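Labels run A, B, C, D, E, F and G following the written order; every chain starts at residue 1.
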Amino acid sequence: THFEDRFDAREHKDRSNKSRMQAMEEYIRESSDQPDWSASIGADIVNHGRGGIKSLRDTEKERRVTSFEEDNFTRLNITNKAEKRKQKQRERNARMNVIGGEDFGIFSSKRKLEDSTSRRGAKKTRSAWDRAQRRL
Amino acid sequence: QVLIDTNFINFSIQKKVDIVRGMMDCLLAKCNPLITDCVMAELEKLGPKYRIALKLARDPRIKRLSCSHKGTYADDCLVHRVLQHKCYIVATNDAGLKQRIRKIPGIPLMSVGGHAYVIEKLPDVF
Amino acid sequence: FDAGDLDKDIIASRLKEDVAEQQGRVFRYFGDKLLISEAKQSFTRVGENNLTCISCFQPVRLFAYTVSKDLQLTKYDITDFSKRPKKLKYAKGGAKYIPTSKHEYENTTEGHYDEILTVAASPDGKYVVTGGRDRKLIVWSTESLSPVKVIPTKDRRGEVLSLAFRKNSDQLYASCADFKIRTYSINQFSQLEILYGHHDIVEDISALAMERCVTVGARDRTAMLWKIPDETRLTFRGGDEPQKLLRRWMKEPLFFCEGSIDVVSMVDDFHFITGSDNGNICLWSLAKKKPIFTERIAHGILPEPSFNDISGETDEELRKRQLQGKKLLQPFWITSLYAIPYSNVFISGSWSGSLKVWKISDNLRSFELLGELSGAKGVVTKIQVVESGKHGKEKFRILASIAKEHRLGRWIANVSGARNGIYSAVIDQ
Amino acid sequence: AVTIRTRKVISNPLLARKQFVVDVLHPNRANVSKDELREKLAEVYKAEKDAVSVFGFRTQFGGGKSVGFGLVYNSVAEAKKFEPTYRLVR
Amino acid sequence: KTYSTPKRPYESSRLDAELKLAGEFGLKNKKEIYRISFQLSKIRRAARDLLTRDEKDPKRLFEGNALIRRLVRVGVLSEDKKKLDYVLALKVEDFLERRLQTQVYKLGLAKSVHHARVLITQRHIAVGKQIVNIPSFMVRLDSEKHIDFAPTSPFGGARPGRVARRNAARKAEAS
Amino acid sequence: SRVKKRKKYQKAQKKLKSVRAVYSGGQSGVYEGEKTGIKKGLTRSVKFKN
Amino acid sequence: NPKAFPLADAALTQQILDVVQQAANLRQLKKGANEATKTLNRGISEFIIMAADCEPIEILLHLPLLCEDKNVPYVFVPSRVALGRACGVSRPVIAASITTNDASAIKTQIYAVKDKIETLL
């Protein structure tokens, strides 16, 4: 016949952030029983005020920058076509949705919770003998 | 705790909304709707071609509270339960009853229109 | 087999000069070697009263420090383990060091004017620092026993509650009643960085060689581990319900809810211990939020007050009815808890008059009683373990400070046979 | 005065230098004025000031602290060879 | 628009609502209620959509465990009300008690909400490490014990401000 | 505007003491009765109509 | 039959004394039996914490006679000493009181305890 034999980056690309739904992991953090590395109090808040406190996504993505800056000893900056969205549309996602540093933008979503889990999604017990071994 | 007319039930059927499930859409909080004893005496008195309203009125989530009156007339049973306490929230769609309650201060009136219900004198709409 | 994980090793292969930055666990297992039955127990009677803390410098001569509510930093020697501790120098405070303004930022008087609470010796031996309710951290030169630097805490509520040095490095961590944790360099005498987060006053802090400290609030029932540089922290909550204990025991005593977490010692990097007021010594683990082993009342129940005292009524059978039997009873608090680092052994001290020393199990999932040191009596506040000798066979000297009161206030009944002074005890092998 | 903490002390013998991230603590002052660090980062070592090079100081917000990157060379004549010209002029 | 105007702009009651909420809590205008009331209407419509849905449906299970736990941490919902029947009932006074105007005043330090408003906007009160000077700050639950005067503040432990330091220098040269 | 909100509510809390008799404080003094006076014929009580 | 009735549970001892500690810092706590007596006369007390282990039990037992006259709730806690550290006082306070103050940050928390006191009555 014919076969492509083509290498793919997208199949090796991580898709963890696509199905990652935030309210599902908030159950995880209570049921993990590991500690979770909360920062200090005044180390959170943004500009003496105006910018709402910190998202826990925000102390993650800013941590990703500091982990990147300490490796390469250099800084990244005001590069404009990315900044005009990702500072406008992101800091308005704060004031529209975050309240006291905790996100309430989850709850107005049409992204439904089922489509991540979906009765384990793939590798599903579609036959009868598959159902006996999950009982095993 | 919301009082209910005959008329609010009748236009609830024509506009395809549940009472309890449909009130919570307008009101956004939990509510305990409660038909008085005078109002149930009207719904029976409306007769045969309103009996599907009389089935929907007697629902165990719809509460009932008695009254001490000598009469059926619930348009004036209701305002008298409102002046003496002012904790209730009247659900009517009678034209004369709305005018009877819009003069009373601080009583959230509630009517049915179009798809869902509407409230008037609640300050805490949203 | 990964791409970046090889690259992570290559970059970290070149990484250099991390000694205290690298973690160390429990490796020292002399807990079965110790003999507590025949271990000698020597007590001393000092003239001052209401002793508060002991810290002891140990070289890489041995030494001892005491501080008492007579406001007296006192300079001692213990370097011979066969004799009682000996006076070298002292420095009593007083009321001549009361500040002039009494309200300003400045509190720069050289001496303590009211109620010291805690002491700690710098691990180089060059300095020693005292703290208290006078909201002044005064570091003292050891030799002439003079105030070398006085540090105002710059807050009206900032009374000092505990002092904690890093091992072999003079980074000084200090706990304060205003929900603050001040951190200090001592060689440069400068304020490092301020940590925040307890809902209650911070009664105890301890450290190791690493840049981490563990602090406890009193009533909040939380113990917090810290990163000093990244300024992040952990949260360790207790919360053992008695109804989960009682219905566990209904498948077949008393159980107590936890009023406070008072003291804490850090045994290694991944585990530590905390004392409570309901006699709990909880072994904690960094992987878990719940304690990895709870051991209920250590020193036992507090002695029940007498039947004649509580009623004030001449009918004798009526006196026992008011007591309500088991309901009135209380435990001993845990007012002292310290482990020699990286070891299987820690000591608990209270006013039951028995320094109940515990052995950590080698799997580090529970601990177990070693023995008791019954020579002391009355309220015990602090514990410093000082070792000597060769590598394998080590002579020790537990030192504990005994007061008739607690560090922080009276809160005490029917203390008896208790003298102010140092309890010394040498355990061999 | 000032107090300095060093994190990730990484040695690069290709350029024959000690790299580290510098964690500068400002107890009350305003800032640290990099010439004063090139003084103080020298005398924590043997460096004879101009074999150190500090550049990446962005402050902790609200003051109190600043974080950046320090380059400590060996053999001070090498500082003319591997540093850029805009750090020679500083 | 971060805030929606109500369907009834001018009633007899809605005007006498916003007299009181601005009166007791010391608000600047009519706008600062509607920023609160719009965000609350997001949360309350979310809670009704979780009660349209059956129990053991995971969207009611997980997001319900999220929303209640999220409202504990901002201190609006008390911890004992750990059910979705209570997150409906919270009115807009529950958010305004968590503002820094009232939470300074109700902690002390003020003598009045309007005096607590002035202490915020002049940078005296501090929330943990960072000094905070916006009064609608919405203090979380864990942050509540920590509200205190700044160390660089003359009501705290610092030097006096200019109007004492000018007067203290004035009495020296006068005398 | 934050003053006119203050000086309205502080003005519209005096009116509230005049429309109804709003609760205030408790009784912290010593004295028992009333300063403004008793009327015999008022009956400020909501009567339950039939 | 016992004179120190009602005595609180161990779990309720925690929830009471923790509310006492914040009311100590907010200055709504008035400390001492002779001071808690006065707030019952002024009518401004919320509820009354009493120590069961103080000797005698009758030196403070006038308060439930004074509280039930005025419908003010009251409890017994087992230790005067553990009420001391909740009080922030160097000496054991054997009787405390929570004053009614409307500018109370702990107002939603006091009424959680107060409702768990009337449960005992």
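By our rule, a contact is a pair of C-beta atoms (placed from the backbone, for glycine too) under 8 Å apart; a residue touches a chain by one contact, two chains touch by 3 or more.
If you want to know which protein each chain is, UniProt gives these names: C = Ribosomal RNA-processing protein 9; E = Small ribosomal subunit protein uS4A; G = 13 kDa ribonucleoprotein-associated protein.
> Which other chains touch chain F while also touching chain G?
Both-contact set = E.
> When the contacting C-beta pairs are counted for B-F and for A-C, which pair yields the higher total?
Higher C-beta contact count between the two pairs: A-C.
> Compute the distance, rounded to whole Å, between the mean C-alpha positions of chain B and chain G.
About 46 Å, centre to centre.
> Measuring centre to centre with CA averages, how many angstrom lie between chain E and chain F?
30
> Just the number, please: Cα centre separation of chain D and chain F in whole Å.
71
> So which bits of chain A are touching at least two other chains?
Within chain A, residues 40-43, 48 contact more than one other chain.
> Specify, in ascending order, the residues of chain C that touch 2 or more different other chains.
Only 11, 196-197 qualify.
> Please output the residues of chain G touching chain C within their complex, sorted ascending.
So the residues of chain G touching chain C come out as 1-4, 7, 10-11, 13-14, 17-18, 21, 52-53, 55-59, 78-79, 81-82, 84-86, 89-92.
> Would you pull the chain G residues touching chain F in the complex into a rising list?
42-44
> State the interface residues of chain D toward chain E in the complex, per the touch definition above.
61-62, 64
> Across the complex, what residues on chain E touch chain B?
4, 6-8, 11-14, 16-17, 37-38, 40-41, 44-45, 48, 51-52, 85, 88-89, 91-92
> What does chain D use to touch chain A in their complex?
The touching residues are 7-8, 19, 21, 56, 58, 61-62, 69.
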